[PDB]
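Engineer: Pasting a structure here, questions to come.
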Amino acid sequence: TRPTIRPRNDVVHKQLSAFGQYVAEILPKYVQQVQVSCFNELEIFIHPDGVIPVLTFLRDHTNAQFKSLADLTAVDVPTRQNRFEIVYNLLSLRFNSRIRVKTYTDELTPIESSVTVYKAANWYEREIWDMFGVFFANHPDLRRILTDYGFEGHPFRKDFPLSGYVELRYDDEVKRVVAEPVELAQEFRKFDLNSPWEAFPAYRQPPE
Amino acid sequence: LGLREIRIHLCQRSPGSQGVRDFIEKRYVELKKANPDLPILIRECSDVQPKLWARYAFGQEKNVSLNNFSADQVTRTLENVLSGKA
Amino acid sequence: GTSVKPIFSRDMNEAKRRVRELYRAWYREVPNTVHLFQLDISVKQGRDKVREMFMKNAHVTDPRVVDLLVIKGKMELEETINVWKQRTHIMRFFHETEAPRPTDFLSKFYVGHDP
Amino acid sequence: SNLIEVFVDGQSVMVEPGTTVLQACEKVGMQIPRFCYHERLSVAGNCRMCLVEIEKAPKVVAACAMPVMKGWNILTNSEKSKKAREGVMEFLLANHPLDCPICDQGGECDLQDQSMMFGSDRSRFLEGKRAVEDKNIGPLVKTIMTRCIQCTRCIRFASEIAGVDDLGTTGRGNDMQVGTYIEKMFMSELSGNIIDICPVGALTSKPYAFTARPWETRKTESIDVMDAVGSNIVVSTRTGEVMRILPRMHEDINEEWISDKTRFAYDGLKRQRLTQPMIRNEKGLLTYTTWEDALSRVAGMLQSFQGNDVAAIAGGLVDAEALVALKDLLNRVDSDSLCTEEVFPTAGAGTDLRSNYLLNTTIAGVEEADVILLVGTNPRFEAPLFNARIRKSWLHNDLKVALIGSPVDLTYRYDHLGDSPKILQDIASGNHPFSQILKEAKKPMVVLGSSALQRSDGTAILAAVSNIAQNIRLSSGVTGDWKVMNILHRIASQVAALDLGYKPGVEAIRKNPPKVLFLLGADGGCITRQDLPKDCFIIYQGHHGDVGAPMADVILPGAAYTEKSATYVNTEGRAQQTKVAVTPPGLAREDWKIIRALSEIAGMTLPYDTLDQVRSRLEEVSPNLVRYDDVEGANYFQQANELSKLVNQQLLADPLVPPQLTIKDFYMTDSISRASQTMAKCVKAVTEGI
Amino acid sequence: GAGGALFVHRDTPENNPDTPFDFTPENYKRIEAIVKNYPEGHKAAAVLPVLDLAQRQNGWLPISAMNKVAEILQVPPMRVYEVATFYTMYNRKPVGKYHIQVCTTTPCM
Amino acid sequence: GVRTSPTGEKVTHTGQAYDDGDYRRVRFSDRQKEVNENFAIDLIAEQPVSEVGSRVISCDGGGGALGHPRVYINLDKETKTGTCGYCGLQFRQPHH
Amino acid sequence: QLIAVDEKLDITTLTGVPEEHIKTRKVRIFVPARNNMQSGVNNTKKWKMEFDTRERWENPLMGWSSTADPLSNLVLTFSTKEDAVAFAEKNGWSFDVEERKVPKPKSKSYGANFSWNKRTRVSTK
Amino acid sequence: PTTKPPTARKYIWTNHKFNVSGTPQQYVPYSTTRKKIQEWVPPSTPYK
Ligand code: SF4
Ligand code: SF4
Ligand code: FES
Ligand SMILES: [Mg+2]
Ligand SMILES: [Zn+2]
């Protein structure tokens, strides 16, 4: 089991479980779940109303001191009633640790902006709004960041087609760049790669 | 005026078609004896409503509801459709 | 109460008032847009385009959707005023190059298979 | 209850006695590896891939053949089970050929997948591999026997499902080979299914060879229209071209199988295709034309005549939407001469009551009957999956089968009563020995083929069969909702046309010949220009150039069943809908769209513009045409039987001979299969085996 | 070493379905007695002796002999082919008048 | 093994050639059509059949690890040679 | 505080999809059928939502397969049928739903291969 | 290649060619596959 298998670290697992219990105890009002993965990553699932408190705690508590916001992003899962999942990755330099905070929202429910807690969030939230259409309340300047001016739709959503809806070309009659409905000389070839046999028995779901 | 075909759309188990069902199982045959050349299409309705269709020359057709009718009511409306009486 | 929280407006009246504010701002901005971008259209043409764009979403009855539409329209106006957009972006609202697609049954049948 | 408690990995499951370890494991979502076990075949137990560990038992057991005991704990993922799987896969791969890049089973191999999920990743086999010569079993199934793993699935399928005992094993030990031991063709109307059951590339499809890979294909779930069975199928396309047809599992219609005509006649959709509208020029020859001018010509000719002067004949592959559109279009002209080439008697009830022309017992109900009487039909070629269901009930339920007609080979032994129709009357009379047999039966079934109704005395035959069914119902009483009387259709478009009110048969047109004739895919040759007045305007609308197209004045190219979302009704009355896999070639258009455009040009615009609206019209005419999996219906046998007694037409002293008498007649029945080059090869191979 | 012989049949002037083979009337009496040994409704159980009987009359087993046995016992010919190719006492190729078999297994080795 | 179309166009080894009425030939005006001159079917047909003294032969295409995956060919049929499924080389046993 | 919207959910005006690809599109909600070439059933667990097939033609250059509809390759995965229906309704697409087809429980018996009097006795193994 | 010559093959070009872009010898792409669907051919004889 030695050469080709990634080794385990039970000490970090125990420490992360203890700190997850600690955070859940201190903030019962917003914490809904705590997990530690098999590769020692701590995850905290919270109610959407606790974004500002929990993060503030994790930034300012003497035992947390998660001063750095490494990354903030969203995940689109259409089968869920709350379509969008907001993920915050935080780094603590004092204790040399990383934590993850996850909440949820849908297309119409705004999420409170965390610019006051972390300045770094300012662009990330913008990007989320650009790519998924999640509105952030009380954002100092919330606008598109990555897409073209006047772009309609949110590309990172699962129902958004890969090639989009419009394409650009220069037209000499009007002497300018114009947008037209997308047309492809070669259509993208969809591949069915999934095997009809189960791969991981440990992740099997109840058959209802 | 010129009738071409008639359709009875009756729902199989709903109570509102019960009388219509009775018609089909009591006095449809006699009617088919009386009109041996008139298409009388018996078709099965959904859970919604029973009704009767009547088609005339040049594709004009009209429908009448048969909900909660009786055997007497359905033969009365059928004979009204058959004759030049509404 | 359906457990839904607002963005800005709590009923249709506040959403309508925000719509009217945005419409006023766009109507005021149109002549400045025509002058700055050096567009070959009249002020009346641009204002009719604004009216059409506003009426395209006239069927909405959800205050949250109206709120998000007003927010997107505000971003569009802020893009236009600051000259972040270019003449190409502004003129994409008119589809001058696109050939009009016929709407009656016979033309669709003659050209192809699309309904 | 009778259920016993077992444990799968410590989880409690309640199962009926006789359940095997494999079924108990799959009751909790665990699929045991398998190669030789198929749930529709007899248990083999030879591949040994399914070996699983039972707690407190030193020996692993074959899950596919081992009934679960009370209190057993099945350990599907213990070290013993994993080691058994690895060893069995090692043995399987020891002599397997390094053929994956040139094998058509490439991305679809159970051997490959179960090696990746349950086997090892290396090889310690340091010897030379074995090689086996190939066997030729016909043009449909390509054989490369080096890839065979000797699971004997094909042998069991042939012996049980197909009723053909030509496949077997010769030799023993390592040099044991699956074949026929002689140069013999494996001809069966269900012979192609052995390609699907074979887990490896030992048996593959010859027409499909080397053309596509499974990951490239886009799968469209559709309905087969080559018979009235309505088998659920998958059309696999790639870059807008049909690659192959596969079975789609429907437990009540086709189970897991399709017919050879269903599987291998798709290439006929690329051979003689109508792509552009055509008209006659000054020289009397067909020449290409725009849609506008052809539609204007047809509309101008339609505006002139009216009433009885306009008639239409529907073909065998016509959808319900096109049928209703044509019905409406001809009704606006005040015409009622809407006919089908297939003949169904109109005396008494005729098409007035649905159960008069349906398979009322349904296909799944065959597995409940204790006796079945077949009259004037060859179910093997008319409805191969219906015959497969009959064979399955004959094998498992000990079903008793009798036939009146030509003594054809049905792949199962039956009691042959003869081919004289008078025998039917004798059975009704009670003089015949078989009549008693029907009386003792709890669930008798009588099936009358629509092919016997094509002859002159079809009404008399139907009356006699109804008399037999009524005698059974009167003697034995009403068992319940059993529906003794049945009609077996062979045309995919017939039942929908009868539901919509089309007149069965052509006799209405022969009685009053028309001036304008619509041939909606009518390629049967029932009506020619000798039976019509001269200067008759014939309009053909279809997808193939066949016997009906050259005799037309205007040709309108239509879509095939793979190119539209269309509704077809089963022989048991079940409505189903196809899906678009590819668009029609060239200028070809959807049929109902063609009829609606023609109506708009001619001035009598139809009230529907989209598919949803035309299906709403379908519901208005016959509500059962929008219930897309329902098969339940009413029993109006009493009224039809009473109305069939008022006509006393005499029977004919002519023996019943089905149109399909041997396998050679099976391959080409409609325009698509006649245009298919694979069916030409099948006919040539059957006529001369060489 | 290896098997050497082949388990497929190819037609040949000396071995084909039209090759003349039939049972002698006394061999038919023997076949009747053999068939009488097994329960009614199980006649395939007689393929092993009857086939062997053919090999005793003819000296080997042509394809016509297998076909005749299958026709007599009303079994599919493929089953008779399987029996003939499975068992090594059956000669699917002509042999000499005196067929010499030498045991070479470990006790005799 | 190139042949000439009735219109004068070279025919590729796949057999493709535009018809007389096909406008797509205009792309070759003032330019050329690219046709590979070495036909693999004709080239592989020239190879002599290898006589071997065994029922089963092995083929890897030559070059060891520089060829194709090693496969084993049965040579029990006397009316037809054994063909490699990768390389096309033919093998047979001594007959006659 | 909450505002109690009692309307039907409709995000059509926010997705930026052209109105052609909202009103004239028909989606299919279904559990995909098992590939008949393999016995594995792992690809028949989830629900799929797909769009109606549109026209594909041949490229005048190189003969490739050209399309004109952006939803040709859009396939969505859902855990239950109700989730797929809710997604389709809130996106404004008209849908057709096919019920799940599950194989019936079979009655297998190895000993049946050797019946004394029944028809299920096999002739070879 | 004077001291270590390459292997000789019958299909190897005996005459090297430079980049021929912009000359009449330039490569022009085309579809190498045959026609997919064959159309019905009407009879040459009149029907009436
Ligand atoms: S059958 Fe499967 S494992 Fe065998 S060569 Fe073909 S793809 Fe490979
Ligand atoms: S040919 Fe295929 S199905 Fe038949 S025994 Fe061999 S591997 Fe099994
Ligand atoms: S699946 Fe059980 S032994 Fe083959
Ligand atoms: Mg296979
Ligand atoms: Zn080779």
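Each chain of the structure tokens is named A, B, ... in the order shown, its residues numbered from 1; ligands are numbered from 1 in display order.
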Give me the residues within 10 Å of residue 85 of chain F as a JSON list (two decimals) with N, CA and C atoms, in the first residue's frame, counting only C-alpha atoms and dropping any in the same chain fewer than 2 places off.
Structural biologist:
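Result file is result-v1.json:
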[["chain", "number", "residue", "atom", "x", "y", "z"],
["D", 99, "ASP", "N", -6.92, -7.01, -30.11],
["D", 99, "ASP", "CA", -7.70, -6.58, -31.27],
["D", 99, "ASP", "C", -8.51, -5.32, -31.02],
["D", 101, "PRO", "N", -8.16, -1.98, -31.09],
["D", 101, "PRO", "CA", -8.26, -0.93, -32.11],
["D", 101, "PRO", "C", -9.01, -1.34, -33.37],
["D", 102, "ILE", "N", -8.91, -2.61, -33.79],
["D", 102, "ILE", "CA", -9.62, -3.06, -34.98],
["D", 102, "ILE", "C", -10.94, -3.75, -34.66],
["D", 103, "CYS", "N", -11.31, -3.84, -33.39],
["D", 103, "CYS", "CA", -12.56, -4.48, -32.98],
["D", 103, "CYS", "C", -13.67, -3.44, -32.95],
["F", 59, "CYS", "N", 2.09, -12.23, -35.81],
["F", 59, "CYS", "CA", 2.45, -11.05, -36.58],
["F", 59, "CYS", "C", 2.46, -9.83, -35.68],
["F", 68, "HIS", "N", 2.82, -2.97, -34.81],
["F", 68, "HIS", "CA", 1.48, -2.98, -34.24],
["F", 68, "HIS", "C", 1.39, -4.01, -33.12],
["F", 71, "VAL", "N", -0.48, -10.12, -32.82],
["F", 71, "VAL", "CA", -1.68, -10.91, -32.96],
["F", 71, "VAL", "C", -1.32, -12.28, -33.52],
["F", 72, "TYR", "N", -2.21, -13.24, -33.31],
["F", 72, "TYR", "CA", -2.00, -14.62, -33.71],
["F", 72, "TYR", "C", -3.06, -15.00, -34.74],
["F", 73, "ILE", "N", -2.61, -15.58, -35.84],
["F", 73, "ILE", "CA", -3.46, -15.91, -36.98],
["F", 73, "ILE", "C", -3.53, -17.42, -37.10],
["F", 82, "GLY", "N", -4.33, -16.64, -44.31],
["F", 82, "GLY", "CA", -4.57, -15.86, -43.11],
["F", 82, "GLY", "C", -4.02, -14.46, -43.28],
["F", 83, "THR", "N", -4.85, -13.46, -43.02],
["F", 83, "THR", "CA", -4.50, -12.07, -43.19],
["F", 83, "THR", "C", -4.39, -11.39, -41.83],
["F", 87, "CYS", "N", -1.71, -5.24, -40.51],
["F", 87, "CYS", "CA", -0.68, -5.01, -41.51],
["F", 87, "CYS", "C", -1.08, -5.44, -42.91],
["F", 88, "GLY", "N", -1.98, -6.41, -43.03],
["F", 88, "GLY", "CA", -2.39, -6.92, -44.32],
["F", 88, "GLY", "C", -1.52, -8.01, -44.89],
["F", 89, "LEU", "N", -0.45, -8.40, -44.20],
["F", 89, "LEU", "CA", 0.41, -9.47, -44.68],
["F", 89, "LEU", "C", -0.33, -10.81, -44.63],
["F", 90, "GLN", "N", -0.04, -11.66, -45.60],
["F", 90, "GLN", "CA", -0.74, -12.92, -45.77],
["F", 90, "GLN", "C", 0.16, -14.09, -45.42]]
Engineer: Quick one: residues within 12 Å of residue 63 of chain B, only C-alpha atoms counted, chain neighbours fewer than 4 positions away excluded, as a list in words?
Structural biologist: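 Everything that qualifies: residues 6, 7, 8, 9, 50, 51, 52, 53, 54, 55, 56, 77, 78, 81 and 86 of chain B; 620 and 621 of chain D.
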Engineer: Let me see if you get this right: every residue at most 7 Å from ligand 1, counting only C-alpha atoms and all ligand atoms, written as an mmCIF file with N, CA and C atoms, in the first residue's frame.
Structural biologist:
data_model
loop_
_atom_site.group_PDB
_atom_site.id
_atom_site.type_symbol
_atom_site.label_atom_id
_atom_site.label_comp_id
_atom_site.auth_asym_id
_atom_site.auth_seq_id
_atom_site.Cartn_x
_atom_site.Cartn_y
_atom_site.Cartn_z
ATOM 1 N N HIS D 96 -7.133 -13.848 -24.985
ATOM 2 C CA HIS D 96 -7.874 -12.890 -25.791
ATOM 3 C C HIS D 96 -6.935 -12.167 -26.758
ATOM 4 N N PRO D 97 -7.380 -11.888 -27.978
ATOM 5 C CA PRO D 97 -6.508 -11.226 -28.951
ATOM 6 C C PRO D 97 -6.407 -9.726 -28.730
ATOM 7 N N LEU D 98 -5.224 -9.192 -29.032
ATOM 8 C CA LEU D 98 -4.957 -7.759 -28.921
ATOM 9 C C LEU D 98 -5.589 -7.038 -30.112
ATOM 10 N N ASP D 99 -6.922 -7.015 -30.111
ATOM 11 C CA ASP D 99 -7.696 -6.580 -31.267
ATOM 12 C C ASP D 99 -8.506 -5.315 -31.018
ATOM 13 N N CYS D 100 -8.369 -4.685 -29.853
ATOM 14 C CA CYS D 100 -9.258 -3.578 -29.505
ATOM 15 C C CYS D 100 -9.284 -2.452 -30.534
ATOM 16 N N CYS D 103 -11.312 -3.836 -33.388
ATOM 17 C CA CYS D 103 -12.555 -4.475 -32.980
ATOM 18 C C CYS D 103 -13.673 -3.444 -32.946
ATOM 19 N N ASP D 104 -14.835 -3.812 -33.488
ATOM 20 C CA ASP D 104 -15.991 -2.925 -33.452
ATOM 21 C C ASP D 104 -16.595 -2.793 -32.063
ATOM 22 N N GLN D 105 -16.264 -3.689 -31.141
ATOM 23 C CA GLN D 105 -16.737 -3.606 -29.768
ATOM 24 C C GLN D 105 -15.927 -2.632 -28.925
ATOM 25 N N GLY D 106 -15.098 -1.800 -29.553
ATOM 26 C CA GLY D 106 -14.114 -0.993 -28.860
ATOM 27 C C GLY D 106 -14.596 -0.267 -27.623
ATOM 28 N N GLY D 107 -15.418 0.755 -27.780
ATOM 29 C CA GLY D 107 -15.892 1.471 -26.618
ATOM 30 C C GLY D 107 -17.137 0.901 -25.981
ATOM 31 N N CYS D 109 -17.429 -2.604 -25.015
ATOM 32 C CA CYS D 109 -17.099 -3.966 -24.627
ATOM 33 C C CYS D 109 -17.340 -4.163 -23.138
ATOM 34 N N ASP D 110 -18.104 -5.200 -22.795
ATOM 35 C CA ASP D 110 -18.217 -5.583 -21.394
ATOM 36 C C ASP D 110 -16.908 -6.150 -20.872
ATOM 37 N N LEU D 111 -16.150 -6.835 -21.728
ATOM 38 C CA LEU D 111 -14.834 -7.318 -21.330
ATOM 39 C C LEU D 111 -13.922 -6.160 -20.951
ATOM 40 N N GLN D 112 -13.865 -5.132 -21.800
ATOM 41 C CA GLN D 112 -13.035 -3.966 -21.520
ATOM 42 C C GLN D 112 -13.457 -3.286 -20.223
ATOM 43 N N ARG D 147 -12.086 -13.761 -30.612
ATOM 44 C CA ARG D 147 -12.547 -12.912 -29.522
ATOM 45 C C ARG D 147 -13.610 -13.586 -28.670
ATOM 46 N N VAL D 200 -18.651 -9.517 -26.443
ATOM 47 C CA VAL D 200 -17.378 -9.189 -27.065
ATOM 48 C C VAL D 200 -17.595 -9.018 -28.559
ATOM 49 N N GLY D 201 -16.522 -8.757 -29.292
ATOM 50 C CA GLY D 201 -16.585 -8.580 -30.724
ATOM 51 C C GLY D 201 -16.585 -9.857 -31.528
ATOM 52 N N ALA D 202 -16.802 -11.009 -30.888
ATOM 53 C CA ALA D 202 -16.846 -12.267 -31.624
ATOM 54 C C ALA D 202 -17.990 -12.276 -32.630
#
Engineer: Can you pull out the residues contacting residue 143 of chain A? Cut-off 10 Å, using only C-alpha atoms, and skip same-chain residues under 4 positions away; I want them as a list in words.
Structural biologist: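 The residues that qualify are residues 123, 125, 126, 127, 129, 130, 135 and 139 of chain A; 71, 72, 74, 75, 76, 78 and 79 of chain C.
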Engineer: Determine the nearest neighbour of ligand 4 from the options G:62, G:48, G:35, G:80, counting only C-alpha atoms and all ligand atoms.
Structural biologist: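 Using only C-alpha atoms and all ligand atoms, the shortest distance to ligand 4 belongs to G:35.
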Engineer: Please list as a PyMOL selection string every residue within 7 Å of residue 63 of chain C, counting only C-alpha atoms and excluding residues in the same chain fewer than 3 positions away.
Structural biologist: chain C and resi 9+11-12+15+66-67
Engineer: Taking only C-alpha atoms into account, which residues of chain B are within 8 Å of chain D, as number ranges by chain?
Structural biologist: B: 7, 9, 12, 25, 28-29, 32-33, 36, 39-46, 57-59
Engineer: For the residues in the current selection, export C-alpha atoms as a compact mmCIF listing (two decimals), in the first residue's frame.
Structural biologist:
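Below is the file part30.txt, written as the result:
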# COMPACT_ATOMS: atom_id res chain seq x y z
CA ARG B 7 -68.18 10.53 -33.21
CA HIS B 9 -66.09 10.28 -27.32
CA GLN B 12 -64.36 4.63 -19.86
CA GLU B 25 -74.38 -1.23 -24.46
CA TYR B 28 -76.25 1.37 -30.26
CA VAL B 29 -76.78 -1.81 -32.31
CA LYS B 32 -76.35 0.90 -36.42
CA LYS B 33 -79.13 -1.21 -37.92
CA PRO B 36 -75.98 0.95 -41.98
CA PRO B 39 -69.86 6.18 -39.76
CA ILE B 40 -70.50 6.26 -36.00
CA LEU B 41 -67.04 6.20 -34.42
CA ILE B 42 -66.97 5.19 -30.75
CA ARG B 43 -63.77 6.48 -29.13
CA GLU B 44 -62.39 6.52 -25.60
CA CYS B 45 -62.14 9.86 -23.79
CA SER B 46 -59.61 10.92 -21.15
CA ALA B 57 -70.50 18.45 -45.83
CA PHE B 58 -67.36 20.45 -46.66
CA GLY B 59 -65.75 19.68 -43.31
Engineer: Report, in Å to a single decimal, how far apart atom CA of residue 63 of chain G and atom CA of residue 29 of chain H are.
Structural biologist: 9.9 Å
Engineer: Would you kindly return, as a PyMOL selection string, each protein, DNA or RNA residue with an atom no farther than 12 Å from any atom of residue 124 of chain G, considering only C-alpha atoms and excluding same-chain residues fewer than 5 positions away?
Structural biologist: (chain D and resi 42+44+152-153+155-160+165-170) or (chain E and resi 44+75-76+78-83) or (chain G and resi 113-114)
Engineer: Keeping C-alpha atoms, export the residues of the selection given above as an mmCIF file, in the first residue's frame.
Structural biologist:
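As a result, again-v6.cif now contains:
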data_model
loop_
_atom_site.group_PDB
_atom_site.id
_atom_site.type_symbol
_atom_site.label_atom_id
_atom_site.label_comp_id
_atom_site.auth_asym_id
_atom_site.auth_seq_id
_atom_site.Cartn_x
_atom_site.Cartn_y
_atom_site.Cartn_z
ATOM 1 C CA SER D 42 -31.413 -19.810 -19.065
ATOM 2 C CA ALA D 44 -25.335 -21.085 -17.583
ATOM 3 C CA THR D 152 -22.610 -19.627 -24.749
ATOM 4 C CA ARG D 153 -25.091 -16.727 -24.786
ATOM 5 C CA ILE D 155 -26.287 -20.804 -28.281
ATOM 6 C CA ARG D 156 -28.921 -20.363 -25.577
ATOM 7 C CA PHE D 157 -30.563 -17.483 -27.449
ATOM 8 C CA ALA D 158 -30.792 -19.514 -30.650
ATOM 9 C CA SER D 159 -32.064 -22.613 -28.854
ATOM 10 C CA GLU D 160 -34.686 -20.856 -26.705
ATOM 11 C CA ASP D 165 -30.792 -25.312 -32.766
ATOM 12 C CA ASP D 166 -27.986 -24.679 -35.265
ATOM 13 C CA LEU D 167 -25.398 -23.275 -32.823
ATOM 14 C CA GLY D 168 -23.304 -25.335 -30.446
ATOM 15 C CA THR D 169 -19.845 -26.176 -29.168
ATOM 16 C CA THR D 170 -17.426 -28.610 -30.789
ATOM 17 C CA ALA E 44 -31.801 -38.198 -26.933
ATOM 18 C CA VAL E 75 -32.823 -34.667 -32.413
ATOM 19 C CA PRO E 76 -31.205 -31.614 -34.008
ATOM 20 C CA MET E 78 -26.054 -29.999 -34.034
ATOM 21 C CA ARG E 79 -26.489 -31.999 -30.819
ATOM 22 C CA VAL E 80 -25.203 -35.136 -32.552
ATOM 23 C CA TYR E 81 -22.260 -33.125 -33.894
ATOM 24 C CA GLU E 82 -21.519 -31.913 -30.357
ATOM 25 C CA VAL E 83 -21.566 -35.473 -29.024
ATOM 26 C CA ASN G 113 -32.675 -26.516 -17.307
ATOM 27 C CA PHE G 114 -33.109 -30.234 -16.516
#
Engineer: Let's see if you can do this: from backbone DSSP, list all helix (DSSP H, G or I) residues in segment 20-88 of chain E, as a PyMOL selection string.
Structural biologist: chain E and resi 25-35+44-58+63-73+77-86
Engineer: From the list G:97, G:29, G:10, G:37, which residue is nearest ligand 2 when using only C-alpha atoms and all ligand atoms?
Structural biologist: G:37
Engineer: As a PDB file with C-alpha atoms, in the first residue's frame, please: the residues near residue 27 of chain H (cut-off 10 Å, only C-alpha atoms, same-chain neighbours under 3 positions excluded).
Structural biologist:
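Output file result-v8.pdb is given in full below:
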ATOM      1  CA  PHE F  28      -9.238  23.496 -58.627  1.00  0.00           C
ATOM      2  CA  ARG F  31      -4.686  25.418 -58.954  1.00  0.00           C
ATOM      3  CA  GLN F  32      -4.353  21.654 -58.524  1.00  0.00           C
ATOM      4  CA  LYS F  33      -6.084  18.726 -56.844  1.00  0.00           C
ATOM      5  CA  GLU F  34      -4.012  16.884 -54.245  1.00  0.00           C
ATOM      6  CA  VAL F  35      -3.995  13.137 -54.906  1.00  0.00           C
TER       7      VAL F  35
ATOM      8  CA  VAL H  20       4.427  25.805 -52.712  1.00  0.00           C
ATOM      9  CA  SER H  21       1.980  28.282 -51.150  1.00  0.00           C
ATOM     10  CA  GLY H  22       0.975  31.106 -53.468  1.00  0.00           C
ATOM     11  CA  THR H  23       1.838  29.074 -56.584  1.00  0.00           C
ATOM     12  CA  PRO H  24      -0.494  27.023 -58.813  1.00  0.00           C
ATOM     13  CA  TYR H  30     -11.808  18.978 -50.426  1.00  0.00           C
TER      14      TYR H  30
END
Engineer: Of the residues D:256, D:481, D:108, D:321, which is the one nearest to ligand 4, using only C-alpha atoms and all ligand atoms?
Structural biologist: D:108
Engineer: Using only C-alpha atoms, determine which residues lie at most 9 Å from residue 147 of chain A, disregarding the query and same-chain residues fewer than 6 positions distant; provide the list as a PyMOL selection string.
Structural biologist: chain A and resi 130-131+154-155
Engineer: For C-alpha atoms, I'd like the residues from the last selection saved as a PDB file, in the first residue's frame.
Structural biologist:
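Output below, filename result-v1.pdb:
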ATOM      1  CA  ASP A 130     -21.007  38.027 -14.474  1.00  0.00           C
ATOM      2  CA  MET A 131     -20.828  34.259 -14.807  1.00  0.00           C
ATOM      3  CA  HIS A 154     -24.549  34.129 -17.909  1.00  0.00           C
ATOM      4  CA  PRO A 155     -22.156  31.682 -19.594  1.00  0.00           C
TER       5      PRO A 155
END
Engineer: I need the residue nearest chain G from this list: D:577, D:290, D:649, D:420. Use only C-alpha atoms for the distance.
Structural biologist: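 The shortest atom-to-atom distance to chain G comes from D:577.
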Engineer: If the limit is 12 Å from any atom of ligand 3, counting only C-alpha atoms and all ligand atoms, which residues qualify? Return them as a VMD selection string.
Structural biologist: (chain D and resid 20 to 23 31 to 39 41 to 52 60 to 66 84 to 85 88 to 89 92 149 to 153 199) or (chain G and resid 39 110)
Engineer: Find the residues in chain A near chain D: any atom within 6 Å counts, using only C-alpha atoms. Write them as a ChimeraX atom specification.
Structural biologist: /A:191-192,199,207
Engineer: Please return, as a list in words, all residues of chain G lying within 9 Å of chain E when only C-alpha atoms are considered.
Structural biologist: residues 116, 117, 123 and 124 of chain G
Engineer: Generate a file of the selected residues that holds N, CA, C and O atoms, formatted as a PDB file, in the first residue's frame.
Structural biologist:
ATOM      1  N   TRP G 116     -37.941 -32.812 -15.830  1.00  0.00           N
ATOM      2  CA  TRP G 116     -38.310 -34.181 -16.169  1.00  0.00           C
ATOM      3  C   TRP G 116     -39.429 -34.221 -17.203  1.00  0.00           C
ATOM      4  O   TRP G 116     -39.445 -35.097 -18.075  1.00  0.00           O
ATOM      5  N   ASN G 117     -40.373 -33.285 -17.125  1.00  0.00           N
ATOM      6  CA  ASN G 117     -41.545 -33.305 -17.983  1.00  0.00           C
ATOM      7  C   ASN G 117     -41.896 -31.962 -18.600  1.00  0.00           C
ATOM      8  O   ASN G 117     -42.757 -31.922 -19.484  1.00  0.00           O
ATOM      9  N   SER G 123     -31.222 -28.595 -24.385  1.00  0.00           N
ATOM     10  CA  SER G 123     -30.622 -29.657 -25.179  1.00  0.00           C
ATOM     11  C   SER G 123     -29.101 -29.617 -25.180  1.00  0.00           C
ATOM     12  O   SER G 123     -28.475 -30.578 -25.638  1.00  0.00           O
ATOM     13  N   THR G 124     -28.498 -28.536 -24.696  1.00  0.00           N
ATOM     14  CA  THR G 124     -27.047 -28.436 -24.655  1.00  0.00           C
ATOM     15  C   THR G 124     -26.651 -27.402 -23.615  1.00  0.00           C
ATOM     16  O   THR G 124     -27.448 -26.544 -23.228  1.00  0.00           O
TER      17      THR G 124
END
